[PDB]
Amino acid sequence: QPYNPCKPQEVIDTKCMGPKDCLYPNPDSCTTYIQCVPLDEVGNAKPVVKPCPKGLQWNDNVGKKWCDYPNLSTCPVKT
């Protein structure tokens, strides 16, 4: 019913435990991200909207998966 980008294999493999695990862009906003909370053993998860600190924007790049300065973020709104 709600938007839910939590990929099951990512949920099963990482258990969303590590510092970059199960973190996804929020389509509505560049200053938040979505973090998945596992609900069971088969990869289902509850998506949770999480805030970036003041001034920062989600950086979805491989190896990043963190809030970053806007000029380094993956916000689709640029220039």
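The numbering used is simple: start at 1 and walk along the sequence shown.
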Looking at the entry, does 33-41 or 47-55 show the higher mean C-alpha B-factor? 33-41
Going by the recorded CA B-factors, say which third of the chain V62 sits in, lowest, middle or highest. highest
Please place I12 in the lowest, middle or highest third of its chain by C-alpha B factor as given in the entry. highest
Ranked by Cα temperature factor within the chain, is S73 in the lowest third, the middle third or the highest third? middle
